[PDB]
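A.B. asks: Structure incoming, see below.
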Amino acid sequence: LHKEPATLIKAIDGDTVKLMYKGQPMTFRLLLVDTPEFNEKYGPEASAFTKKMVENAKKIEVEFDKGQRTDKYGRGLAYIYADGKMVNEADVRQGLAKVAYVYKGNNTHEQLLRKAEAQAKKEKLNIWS
Ligand SMILES: Cc1cn([C@H]2C[C@H](OP(=O)(O)O)[C@@H](COP(=O)(O)O)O2)c(=O)[nH]c1=O
Ligand SMILES: [Ca+2]
């Protein structure tokens, strides 16, 4: 898998973000994760956390997996990095997202994220408190 450039347009919620990719605006849905909706418990904290991460970044990158790159709603599907650190992983590590929506072909970083979920759960963090 390969990292490609993109720039923040705007933070949306815990697991979606609007980025400019190859010079076009698109909404990205983070692969392999599910944050609570803003309206739910930990939803605001998940939104704040992703927002801070992407807004503080000097360099945003997007990394497509091997499978589908767009979902049925036209959202890009990717791993998103902020100054070299994966947002998808960090959301899970902090107990602000669950590993979710694991579809064969688009699941390269499954193991890595499940490891982070286990540590988050052991610490009883946020969603696991
Ligand atoms: C993360 C992800 C979501 N989706 C779809 C499945 C869900 O369909 P439904 O909307 O029919 O439930 C929806 C969940 O995204 P949200 O968690 O953003 O709602 O997006 C994909 O198709 N592929 C993916 O990799
Ligand atoms: Ca969600």
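No Cβ is skipped: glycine too gets one built from the backbone with ideal geometry, and neighbour counts run over all protein chains shown. Each reported figure results from applying straightforward, stated rules to the coordinates on display, with no laboratory input.
A.B. asks: Could you count how many residues in region 41-64 are among the acidic types (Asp, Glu) and either near ligand 2 (Cβ under 9 Å from one of its atoms) or within 16 Å of residue 79 (Cβ to Cβ) (or both)? Don't jump to the end; show me each part of the working.
C.D. replies: Initially, region 41-64 is screened for residues among the acidic types (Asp, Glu), giving 45, 55, 61, 63.
Next cut, either near ligand 2 (Cβ under 9 Å from one of its atoms) or within 16 Å of residue 79 (Cβ to Cβ) (or both) only: 61, 63.
Number satisfying all stated conditions: 2.
Rundown of residues vs (1) over 18 Å from residue 47 (Cβ atoms); (2) of a type in the set (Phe, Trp, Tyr); (3) free of Cβ contacts under 8 Å to residues at least 24 places away in the same chain; (4) touching a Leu at 6+ places or on another chain (Cβ under 9 Å), yes/no style:
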position: 58; (1), (2), (3), (4): yes, no, no, no
position: 62; (1), (2), (3), (4): yes, no, no, yes
position: 78; (1), (2), (3), (4): yes, no, no, yes
position: 84; (1), (2), (3), (4): yes, no, no, no
position: 97; (1), (2), (3), (4): no, no, no, yes
position: 106; (1), (2), (3), (4): yes, no, no, yes
position: 122; (1), (2), (3), (4): yes, no, yes, no
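A.B. asks: Give me the strands (runs of 3 or more DSSP E) completely within region 1-50, filtered to those with at least 1 residues that are within 14 Å of ligand 1 (Cβ to nearest atom) and under 15 Å from the mean Cα position of the chain (by Cα), ordered by residue number. Walk me through it before giving the result.
C.D. replies: Details: elements: 4-11, 16-21, 24-30.
Correct list: 16-21, 24-30.
A.B. asks: Let me ask something else. Within region 63-82, which residues are of a type in the set (S, T, N, Q) and either away from ligand 1 (no atom under 11 Å from the Cβ) or farther than 20 Å from residue 110 by Cβ (or both)?
C.D. replies: Across region 63-82, the qualifying residue is only 70.
A.B. asks: Right, here's the next one. Take residue 103 and tell me if it is part of a strand (DSSP E or B) and aromatic (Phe, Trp, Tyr).
C.D. replies: no
A.B. asks: Check 8, 19 and return the single one that is over 26 Å from residue 126 (Cα atoms), crowded, with 20+ Cβ neighbours inside 10 Å and more than 16 Å from ligand 2 (Cβ to nearest atom).
C.D. replies: One residue alone meets the criteria, 19.
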